[PDB]
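One structure below.
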2 protein chains.
Amino acid sequence: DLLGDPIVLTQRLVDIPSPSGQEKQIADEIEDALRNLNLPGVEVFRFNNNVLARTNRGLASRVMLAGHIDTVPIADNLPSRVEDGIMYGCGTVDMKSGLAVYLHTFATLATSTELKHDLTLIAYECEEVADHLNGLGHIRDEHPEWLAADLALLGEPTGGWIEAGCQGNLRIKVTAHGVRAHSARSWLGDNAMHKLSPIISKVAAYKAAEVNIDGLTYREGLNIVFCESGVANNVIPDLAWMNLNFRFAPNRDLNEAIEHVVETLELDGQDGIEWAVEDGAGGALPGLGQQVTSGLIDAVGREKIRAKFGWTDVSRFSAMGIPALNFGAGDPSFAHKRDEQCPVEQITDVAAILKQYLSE
Amino acid sequence: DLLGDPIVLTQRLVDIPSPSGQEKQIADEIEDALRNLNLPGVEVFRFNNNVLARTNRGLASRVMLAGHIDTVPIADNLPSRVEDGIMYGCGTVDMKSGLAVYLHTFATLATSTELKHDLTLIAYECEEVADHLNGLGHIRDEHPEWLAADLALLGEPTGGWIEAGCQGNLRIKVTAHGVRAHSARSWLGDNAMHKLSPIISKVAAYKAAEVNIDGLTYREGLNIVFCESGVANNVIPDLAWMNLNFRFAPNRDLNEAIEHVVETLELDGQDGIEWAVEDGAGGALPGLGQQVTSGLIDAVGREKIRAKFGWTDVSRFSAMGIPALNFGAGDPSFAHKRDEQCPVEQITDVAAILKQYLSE
Ligand SMILES: [Cl-]
Ligand SMILES: [Cl-]
């Protein structure tokens, strides 16, 4: 592992197969590439298949550099080979590029006297699987102190752009109960499916709330994504359920997001209707209006920064009270596509931006 | 085959296995039991596995006696054995009782000088299967003249009661089309499922119309019986469909029933929504207020006659412009139950009622 060059490290990390669960090797290499390379003041920490590292140069602000080392199950995309200006392979866009960059820059500026911000580097595992294996997850649960920082940056592929923060994510399953009866004697029973009619109506009528933050504009989303009901053409259904997916702006927290959905749809009070949260997640504030961030906005340009409507591990930091942004290489597409295309150029563009940000 | 006794014929017809498609034998026996028994003026007609027979004694009114000779697939219910006042077996309640009765009475009164009404007897096949194999169906299609009568009686199990007419049956499949999009960017797409919200609301708000006929009261039914939509928790569904089941009073015909549903739910005009009829069927008027029926009402009692909310082949006659009633033996339950229980008594009760009706 070089760490002396950005593009080489990428093609090096990509050629090391790391589909979720088997990040063992790529993790071990990164640890040893940092240890055998004896950077003074730099602390290396091995936690499962996560690799943490931090400097303690006193210093005012602190920047977090995080990225996942795992990939989606490989599909004839390894090893990698560069084809005239562009690198094809697996992971070239999903982190392994940004990861190479986040690693490279930390290896260099850790001992550079012109480092304006303390650095933490977290290369974590199992991002591509249920939130009970997530590397950042266990870290937050056992060693939260390591997450501490004044700004967090996630290597997620953004094509050199800054996709600031992320929106909260809430999935609720609304279930209506009735009683079976022959569809010709409907009155003898109670149509469960019809009970969702009022709740459905409010959802289809709901106009998503919208909020401005740091010059950015986040828009919410409330949609029915699953609706299943029925047992026979001549039987009044006694059971009907839905899946509501609520995407809330980073100015809300789960408890608020939940309370908003439950109040607006009147999930409590409606007889025969039960609801429950199947998945919840916090949003992420970009905090662009802070000095800790000033430099980075400049090294990228105010007109290359949009809001992230999706959800990334960026929230795990914002939960800790840490502003976070998505900043990586490769087009957001080719994400899990069986032909990840990453313009070899963006690798150096990003690495350049980071130095300008962390040196001014 | 006796035809000299009602209860014997029943236990005889039951012991002859006739699950849909194999009514061959039971059909052949009935034909030959009528032919070799040379009733003068009586015409016997063999059509597929249906057995028709009619008298032509001039006479004013004419009564139709119809019943299906087939059963639901047998399930350890044959042969049959009577257990102290009650007969257990397969078909003992689903027609084979009424069929025995309808046969018996036709064999007797066909040459009796005290027969007030001309008689047609139709013992048809494949009632227990899609309406493209139905015996009465093909008869109506090729030899409608045989269905001609002033009153029709179906041997369906009603436990000696008269279940008058039947309600129409309409199933429409409403389908909404949208466009896929990430549930966090819902605005980029169009939620198909939300498009059914207005139509669903009208259905859940619709109060079924209700009509009185001949002292009887029919109530309609409009219910969603199937609702399926969704492709992923993070994907705006582009496709959503429903199954509406409309049960209309016998004062409406299919074209009216359809037009009522389509107007009330505004199925035309709503953009992105297509609808289609999957199944339709006419209702059946009881016509109890007619002289042709006078006798039968008396031989049963005005307080043993209720309205049939379901649907029976009784409609196939009412379509021909012929009032029709459901009058059979055995409890309406035990219908397709793996233990058909028919009180051996009701066999003679019904046969008695019929004579009193057809002799006065
Ligand atoms: Cl996004
Ligand atoms: Cl009924």
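Here, A, B, ... name the chains of the structure tokens in the order displayed, residue numbers run from 1 inside each chain, and ligands are numbered from 1 in the same displayed order.
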
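Residue-level DSSP output for segment 237-280 of chain A, from the backbone, shows strand (DSSP E or B) at residues 239, 240, 241, 242, 243, 244, 245, 246, 247, 248, 273, 274, 275, 276, 277, 278, 279 and 280 of chain A.
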
Output file for the residues above (N, CA and C atoms, as a PDB file, in the first residue's frame):
```pdb
ATOM      1  N   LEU A 239     -57.915  -8.130   6.968  1.00  0.00           N
ATOM      2  CA  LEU A 239     -56.559  -7.645   7.194  1.00  0.00           C
ATOM      3  C   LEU A 239     -56.043  -6.813   6.019  1.00  0.00           C
ATOM      4  N   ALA A 240     -55.432  -5.675   6.341  1.00  0.00           N
ATOM      5  CA  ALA A 240     -54.836  -4.799   5.339  1.00  0.00           C
ATOM      6  C   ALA A 240     -53.704  -3.996   5.962  1.00  0.00           C
ATOM      7  N   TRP A 241     -52.580  -3.906   5.256  1.00  0.00           N
ATOM      8  CA  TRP A 241     -51.424  -3.176   5.768  1.00  0.00           C
ATOM      9  C   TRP A 241     -50.726  -2.302   4.715  1.00  0.00           C
ATOM     10  N   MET A 242     -49.998  -1.296   5.194  1.00  0.00           N
ATOM     11  CA  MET A 242     -49.266  -0.379   4.327  1.00  0.00           C
ATOM     12  C   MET A 242     -47.840  -0.168   4.803  1.00  0.00           C
ATOM     13  N   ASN A 243     -47.024   0.412   3.932  1.00  0.00           N
ATOM     14  CA  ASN A 243     -45.705   0.886   4.314  1.00  0.00           C
ATOM     15  C   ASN A 243     -45.550   2.354   3.946  1.00  0.00           C
ATOM     16  N   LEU A 244     -45.500   3.207   4.964  1.00  0.00           N
ATOM     17  CA  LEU A 244     -45.276   4.626   4.750  1.00  0.00           C
ATOM     18  C   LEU A 244     -43.794   4.921   4.888  1.00  0.00           C
ATOM     19  N   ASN A 245     -43.241   5.639   3.918  1.00  0.00           N
ATOM     20  CA  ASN A 245     -41.846   6.055   3.977  1.00  0.00           C
ATOM     21  C   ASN A 245     -41.746   7.564   4.090  1.00  0.00           C
ATOM     22  N   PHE A 246     -41.329   8.040   5.257  1.00  0.00           N
ATOM     23  CA  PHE A 246     -41.223   9.473   5.491  1.00  0.00           C
ATOM     24  C   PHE A 246     -39.769   9.948   5.484  1.00  0.00           C
ATOM     25  N   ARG A 247     -39.452  10.884   4.592  1.00  0.00           N
ATOM     26  CA  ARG A 247     -38.113  11.474   4.523  1.00  0.00           C
ATOM     27  C   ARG A 247     -38.152  12.905   5.050  1.00  0.00           C
ATOM     28  N   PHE A 248     -37.524  13.137   6.201  1.00  0.00           N
ATOM     29  CA  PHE A 248     -37.611  14.438   6.861  1.00  0.00           C
ATOM     30  C   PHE A 248     -36.306  15.231   6.836  1.00  0.00           C
ATOM     31  N   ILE A 273     -57.000   0.146  13.960  1.00  0.00           N
ATOM     32  CA  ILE A 273     -55.763   0.436  13.248  1.00  0.00           C
ATOM     33  C   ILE A 273     -54.561   0.485  14.185  1.00  0.00           C
ATOM     34  N   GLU A 274     -53.581  -0.374  13.924  1.00  0.00           N
ATOM     35  CA  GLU A 274     -52.333  -0.365  14.670  1.00  0.00           C
ATOM     36  C   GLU A 274     -51.199   0.062  13.749  1.00  0.00           C
ATOM     37  N   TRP A 275     -50.217   0.759  14.309  1.00  0.00           N
ATOM     38  CA  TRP A 275     -49.047   1.168  13.546  1.00  0.00           C
ATOM     39  C   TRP A 275     -47.780   0.876  14.335  1.00  0.00           C
ATOM     40  N   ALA A 276     -46.662   0.768  13.629  1.00  0.00           N
ATOM     41  CA  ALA A 276     -45.383   0.499  14.266  1.00  0.00           C
ATOM     42  C   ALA A 276     -44.236   0.945  13.370  1.00  0.00           C
ATOM     43  N   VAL A 277     -43.137   1.365  13.990  1.00  0.00           N
ATOM     44  CA  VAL A 277     -41.958   1.788  13.247  1.00  0.00           C
ATOM     45  C   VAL A 277     -41.094   0.584  12.889  1.00  0.00           C
ATOM     46  N   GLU A 278     -40.834   0.401  11.598  1.00  0.00           N
ATOM     47  CA  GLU A 278     -40.003  -0.707  11.136  1.00  0.00           C
ATOM     48  C   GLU A 278     -38.547  -0.284  10.996  1.00  0.00           C
ATOM     49  N   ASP A 279     -38.332   0.990  10.692  1.00  0.00           N
ATOM     50  CA  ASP A 279     -36.983   1.524  10.595  1.00  0.00           C
ATOM     51  C   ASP A 279     -36.981   3.037  10.775  1.00  0.00           C
ATOM     52  N   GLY A 280     -35.994   3.536  11.508  1.00  0.00           N
ATOM     53  CA  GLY A 280     -35.858   4.962  11.727  1.00  0.00           C
ATOM     54  C   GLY A 280     -34.403   5.372  11.656  1.00  0.00           C
TER      55      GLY A 280
END
```

*asked:* as an NGL selection string, please: every residue in segment 135-251 of chain B that a backbone DSSP assignment puts in alpha helix (DSSP H).
replied: :B and (135-142 or 197-205)

Enumerate, in order of chain and increasing residue number, the residues of chain B with an atom no farther than 10 Å from chain A, each with its shortest atom pair and distance in Å to one decimal, counting only C-alpha atoms, as a tab-separated table.
```
residue	atom	partner	partner_atom	distance
B:167	CA	A:184	CA	8.3
B:168	CA	A:184	CA	9.6
B:169	CA	A:184	CA	8.6
B:171	CA	A:233	CA	8.0
B:182	CA	A:310	CA	8.6
B:183	CA	A:223	CA	6.9
B:184	CA	A:310	CA	5.6
B:185	CA	A:309	CA	6.9
B:186	CA	A:221	CA	6.2
B:187	CA	A:221	CA	8.2
B:191	CA	A:223	CA	7.5
B:192	CA	A:224	CA	9.4
B:193	CA	A:224	CA	6.9
B:194	CA	A:204	CA	5.1
B:195	CA	A:204	CA	7.7
B:196	CA	A:200	CA	9.0
B:197	CA	A:201	CA	5.4
B:198	CA	A:201	CA	7.1
B:199	CA	A:197	CA	9.4
B:200	CA	A:197	CA	6.1
B:201	CA	A:197	CA	5.4
B:202	CA	A:197	CA	9.0
B:203	CA	A:194	CA	7.7
B:204	CA	A:194	CA	5.1
B:205	CA	A:194	CA	8.7
B:208	CA	A:187	CA	9.5
B:219	CA	A:185	CA	8.4
B:220	CA	A:184	CA	7.4
B:221	CA	A:184	CA	5.9
B:222	CA	A:186	CA	8.0
B:223	CA	A:183	CA	6.9
B:224	CA	A:193	CA	6.9
B:225	CA	A:230	CA	5.3
B:226	CA	A:230	CA	4.2
B:227	CA	A:229	CA	5.0
B:228	CA	A:228	CA	4.8
B:229	CA	A:227	CA	5.0
B:230	CA	A:226	CA	4.2
B:231	CA	A:226	CA	7.1
B:232	CA	A:225	CA	6.6
B:233	CA	A:225	CA	5.6
B:234	CA	A:225	CA	7.2
B:235	CA	A:225	CA	6.5
B:236	CA	A:225	CA	5.9
B:237	CA	A:225	CA	6.1
B:238	CA	A:225	CA	9.9
B:240	CA	A:227	CA	8.6
B:241	CA	A:227	CA	10.0
B:242	CA	A:229	CA	9.3
B:243	CA	A:233	CA	7.3
B:244	CA	A:233	CA	8.4
B:245	CA	A:233	CA	7.1
B:246	CA	A:184	CA	8.2
B:247	CA	A:184	CA	6.0
B:248	CA	A:184	CA	9.1
B:308	CA	A:184	CA	9.5
B:309	CA	A:184	CA	5.9
B:310	CA	A:184	CA	5.6
B:311	CA	A:184	CA	8.5
```

Dump of C-alpha atoms for the selected residues, as an mmCIF file, in the first residue's frame:
```
data_model
loop_
_atom_site.group_PDB
_atom_site.id
_atom_site.type_symbol
_atom_site.label_atom_id
_atom_site.label_comp_id
_atom_site.auth_asym_id
_atom_site.auth_seq_id
_atom_site.Cartn_x
_atom_site.Cartn_y
_atom_site.Cartn_z
ATOM 1 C CA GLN B 167 -78.444 -10.310 -6.633
ATOM 2 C CA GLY B 168 -76.307 -9.318 -9.598
ATOM 3 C CA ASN B 169 -72.548 -9.713 -9.434
ATOM 4 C CA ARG B 171 -66.152 -7.444 -10.380
ATOM 5 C CA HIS B 182 -36.537 6.984 -5.344
ATOM 6 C CA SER B 183 -38.817 7.503 -2.340
ATOM 7 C CA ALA B 184 -36.513 10.308 -1.171
ATOM 8 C CA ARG B 185 -37.034 12.125 -4.472
ATOM 9 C CA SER B 186 -40.752 11.341 -4.779
ATOM 10 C CA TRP B 187 -41.353 14.470 -6.865
ATOM 11 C CA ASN B 191 -46.995 7.553 -6.971
ATOM 12 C CA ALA B 192 -49.428 5.163 -8.659
ATOM 13 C CA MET B 193 -50.795 3.987 -5.320
ATOM 14 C CA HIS B 194 -51.800 7.504 -4.274
ATOM 15 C CA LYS B 195 -53.885 7.757 -7.458
ATOM 16 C CA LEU B 196 -56.367 5.235 -6.072
ATOM 17 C CA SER B 197 -56.917 7.388 -2.991
ATOM 18 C CA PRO B 198 -59.949 9.288 -4.350
ATOM 19 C CA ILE B 199 -61.556 6.154 -5.818
ATOM 20 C CA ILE B 200 -60.893 4.239 -2.601
ATOM 21 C CA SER B 201 -62.435 7.047 -0.555
ATOM 22 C CA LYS B 202 -65.680 7.036 -2.539
ATOM 23 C CA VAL B 203 -65.897 3.265 -2.094
ATOM 24 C CA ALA B 204 -65.339 3.398 1.667
ATOM 25 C CA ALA B 205 -67.856 6.238 1.868
ATOM 26 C CA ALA B 208 -75.003 0.438 -0.426
ATOM 27 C CA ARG B 219 -79.348 -4.733 -0.020
ATOM 28 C CA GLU B 220 -76.397 -4.044 -2.318
ATOM 29 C CA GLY B 221 -72.678 -4.425 -1.673
ATOM 30 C CA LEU B 222 -69.687 -2.417 -2.847
ATOM 31 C CA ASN B 223 -66.358 -3.616 -1.480
ATOM 32 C CA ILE B 224 -62.673 -3.587 -2.282
ATOM 33 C CA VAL B 225 -61.648 -7.231 -2.062
ATOM 34 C CA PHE B 226 -58.112 -7.056 -3.448
ATOM 35 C CA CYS B 227 -55.531 -4.266 -3.260
ATOM 36 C CA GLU B 228 -51.921 -4.796 -4.346
ATOM 37 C CA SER B 229 -49.185 -2.194 -4.810
ATOM 38 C CA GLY B 230 -45.472 -1.738 -4.171
ATOM 39 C CA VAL B 231 -42.080 -2.788 -5.485
ATOM 40 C CA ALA B 232 -39.633 -1.620 -2.802
ATOM 41 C CA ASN B 233 -39.494 0.363 0.451
ATOM 42 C CA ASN B 234 -37.446 3.054 -1.282
ATOM 43 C CA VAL B 235 -39.245 3.114 -4.627
ATOM 44 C CA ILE B 236 -42.292 5.130 -5.600
ATOM 45 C CA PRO B 237 -44.656 2.489 -7.025
ATOM 46 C CA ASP B 238 -45.552 2.973 -10.698
ATOM 47 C CA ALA B 240 -51.296 -0.260 -8.327
ATOM 48 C CA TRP B 241 -54.509 -2.233 -8.822
ATOM 49 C CA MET B 242 -57.759 -3.109 -7.026
ATOM 50 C CA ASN B 243 -60.682 -5.496 -7.220
ATOM 51 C CA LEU B 244 -64.106 -3.966 -6.683
ATOM 52 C CA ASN B 245 -66.980 -6.374 -6.090
ATOM 53 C CA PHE B 246 -70.404 -4.866 -6.693
ATOM 54 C CA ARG B 247 -73.559 -6.787 -5.711
ATOM 55 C CA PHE B 248 -76.668 -5.168 -7.202
ATOM 56 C CA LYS B 308 -81.020 -14.404 -1.727
ATOM 57 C CA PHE B 309 -78.129 -11.947 -1.527
ATOM 58 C CA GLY B 310 -75.626 -14.277 -3.167
ATOM 59 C CA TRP B 311 -75.686 -15.443 -6.775
#
```

*asked:* To one decimal place in Å, what is the distance between atom CA of residue 140 of chain B and atom CA of residue 20 of chain B?
replied: 19.6 Å

_List as a list in words the protein and nucleic acid residues near residue 342 of chain B, meaning an atom at most 6 Å away when only C-alpha atoms are counted, but skip any in the same chain fewer than 5 places from it._
residues 86, 87, 92, 93 and 330 of chain B

May I have the residues from that selection written out with N, CA and C atoms, as a JSON list (two decimals), in the first residue's frame?
```json
[["chain", "number", "residue", "atom", "x", "y", "z"],
["B", 86, "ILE", "N", -80.86, -38.76, 9.73],
["B", 86, "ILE", "CA", -80.04, -37.86, 8.92],
["B", 86, "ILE", "C", -79.12, -38.63, 7.97],
["B", 87, "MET", "N", -78.99, -38.13, 6.75],
["B", 87, "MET", "CA", -78.13, -38.76, 5.75],
["B", 87, "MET", "C", -76.81, -38.01, 5.59],
["B", 92, "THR", "N", -75.34, -34.72, -0.72],
["B", 92, "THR", "CA", -76.62, -34.89, -0.02],
["B", 92, "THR", "C", -77.32, -33.56, 0.20],
["B", 93, "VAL", "N", -76.53, -32.49, 0.31],
["B", 93, "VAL", "CA", -77.08, -31.16, 0.51],
["B", 93, "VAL", "C", -76.94, -30.30, -0.74],
["B", 330, "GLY", "N", -81.69, -29.58, 2.69],
["B", 330, "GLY", "CA", -80.39, -29.51, 3.33],
["B", 330, "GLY", "C", -80.03, -28.08, 3.71]]
```

*Would you mind telling me which residue in B:271, B:163, B:31, B:263 lies nearest to residue 303 of chain B when using only C-alpha atoms?*
B:163

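Residue nearest ligand 2 within the list B:160, B:301, B:137, B:165: B:165 [criterion: smallest interatomic distance, only C-alpha atoms and all ligand atoms].
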
*asked:* Using only C-alpha atoms, which protein or nucleic acid residues come within 7 Å of segment 45-62 of chain B? Drop anything in the same chain fewer than 6 positions from it, and give the result as a PyMOL selection string.
replied: chain B and resi 23-24+27+31+110+117-125+135+149-151+292

Residues just named, written with N, CA, C and O atoms as an mmCIF file, in the first residue's frame:
```cif
data_model
loop_
_atom_site.group_PDB
_atom_site.id
_atom_site.type_symbol
_atom_site.label_atom_id
_atom_site.label_comp_id
_atom_site.auth_asym_id
_atom_site.auth_seq_id
_atom_site.Cartn_x
_atom_site.Cartn_y
_atom_site.Cartn_z
ATOM 1 N N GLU B 23 -69.729 -36.249 -14.667
ATOM 2 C CA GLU B 23 -71.163 -36.422 -14.461
ATOM 3 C C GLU B 23 -71.751 -37.375 -15.504
ATOM 4 O O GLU B 23 -72.955 -37.616 -15.533
ATOM 5 N N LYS B 24 -70.880 -37.919 -16.348
ATOM 6 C CA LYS B 24 -71.284 -38.827 -17.417
ATOM 7 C C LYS B 24 -72.266 -39.897 -16.957
ATOM 8 O O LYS B 24 -73.374 -39.990 -17.482
ATOM 9 N N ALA B 27 -75.597 -38.864 -15.389
ATOM 10 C CA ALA B 27 -76.400 -38.277 -16.453
ATOM 11 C C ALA B 27 -77.068 -39.367 -17.278
ATOM 12 O O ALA B 27 -78.272 -39.316 -17.525
ATOM 13 N N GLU B 31 -81.175 -40.133 -17.843
ATOM 14 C CA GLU B 31 -81.797 -40.222 -19.161
ATOM 15 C C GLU B 31 -82.556 -41.533 -19.305
ATOM 16 O O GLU B 31 -83.738 -41.538 -19.641
ATOM 17 N N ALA B 110 -96.311 -35.792 -14.153
ATOM 18 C CA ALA B 110 -96.252 -35.589 -15.598
ATOM 19 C C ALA B 110 -97.485 -36.152 -16.308
ATOM 20 O O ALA B 110 -97.851 -35.699 -17.395
ATOM 21 N N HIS B 117 -99.730 -26.886 -13.859
ATOM 22 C CA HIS B 117 -98.720 -26.201 -14.656
ATOM 23 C C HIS B 117 -97.935 -27.173 -15.527
ATOM 24 O O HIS B 117 -97.584 -28.266 -15.088
ATOM 25 N N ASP B 118 -97.670 -26.773 -16.766
ATOM 26 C CA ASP B 118 -96.747 -27.515 -17.615
ATOM 27 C C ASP B 118 -95.400 -27.587 -16.910
ATOM 28 O O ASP B 118 -95.023 -26.663 -16.188
ATOM 29 N N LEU B 119 -94.670 -28.674 -17.116
ATOM 30 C CA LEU B 119 -93.385 -28.828 -16.442
ATOM 31 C C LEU B 119 -92.214 -28.998 -17.404
ATOM 32 O O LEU B 119 -92.302 -29.721 -18.395
ATOM 33 N N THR B 120 -91.120 -28.305 -17.105
ATOM 34 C CA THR B 120 -89.832 -28.589 -17.720
ATOM 35 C C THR B 120 -88.863 -28.980 -16.610
ATOM 36 O O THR B 120 -88.825 -28.340 -15.559
ATOM 37 N N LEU B 121 -88.098 -30.042 -16.836
ATOM 38 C CA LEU B 121 -87.087 -30.469 -15.876
ATOM 39 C C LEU B 121 -85.709 -30.444 -16.516
ATOM 40 O O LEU B 121 -85.464 -31.147 -17.493
ATOM 41 N N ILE B 122 -84.812 -29.632 -15.968
ATOM 42 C CA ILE B 122 -83.446 -29.572 -16.479
ATOM 43 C C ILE B 122 -82.424 -30.000 -15.433
ATOM 44 O O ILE B 122 -82.190 -29.297 -14.449
ATOM 45 N N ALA B 123 -81.830 -31.168 -15.651
ATOM 46 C CA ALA B 123 -80.747 -31.650 -14.807
ATOM 47 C C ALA B 123 -79.423 -31.415 -15.533
ATOM 48 O O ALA B 123 -79.046 -32.186 -16.418
ATOM 49 N N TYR B 124 -78.721 -30.347 -15.158
ATOM 50 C CA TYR B 124 -77.550 -29.900 -15.913
ATOM 51 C C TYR B 124 -76.200 -30.210 -15.259
ATOM 52 O O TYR B 124 -76.128 -30.625 -14.101
ATOM 53 N N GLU B 125 -75.132 -29.990 -16.022
ATOM 54 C CA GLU B 125 -73.783 -30.388 -15.633
ATOM 55 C C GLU B 125 -72.881 -29.199 -15.321
ATOM 56 O O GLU B 125 -73.245 -28.046 -15.560
ATOM 57 N N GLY B 135 -73.755 -26.045 -17.652
ATOM 58 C CA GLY B 135 -74.790 -26.702 -18.431
ATOM 59 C C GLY B 135 -75.902 -25.772 -18.882
ATOM 60 O O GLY B 135 -76.218 -25.706 -20.073
ATOM 61 N N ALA B 149 -90.417 -20.720 -19.615
ATOM 62 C CA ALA B 149 -91.304 -21.064 -18.514
ATOM 63 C C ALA B 149 -91.852 -19.784 -17.897
ATOM 64 O O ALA B 149 -91.397 -18.686 -18.225
ATOM 65 N N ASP B 150 -92.830 -19.926 -17.009
ATOM 66 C CA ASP B 150 -93.428 -18.775 -16.340
ATOM 67 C C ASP B 150 -92.854 -18.603 -14.937
ATOM 68 O O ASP B 150 -92.966 -17.534 -14.337
ATOM 69 N N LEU B 151 -92.243 -19.666 -14.422
ATOM 70 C CA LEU B 151 -91.544 -19.618 -13.143
ATOM 71 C C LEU B 151 -90.450 -20.681 -13.095
ATOM 72 O O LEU B 151 -90.662 -21.817 -13.523
ATOM 73 N N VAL B 292 -98.816 -17.288 -11.154
ATOM 74 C CA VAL B 292 -98.012 -18.472 -11.417
ATOM 75 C C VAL B 292 -97.329 -18.947 -10.136
ATOM 76 O O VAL B 292 -96.987 -20.121 -9.997
#
```

_Proximity to residue 32 of chain A - best of A:286, A:358, A:14, A:1, only C-alpha atoms_ = A:1

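Counting only C-alpha atoms, residue 359 of chain A has the following residues at most 7 Å away, ignoring those fewer than 3 positions along the same chain: residues 114, 115, 116, 355 and 356 of chain A.
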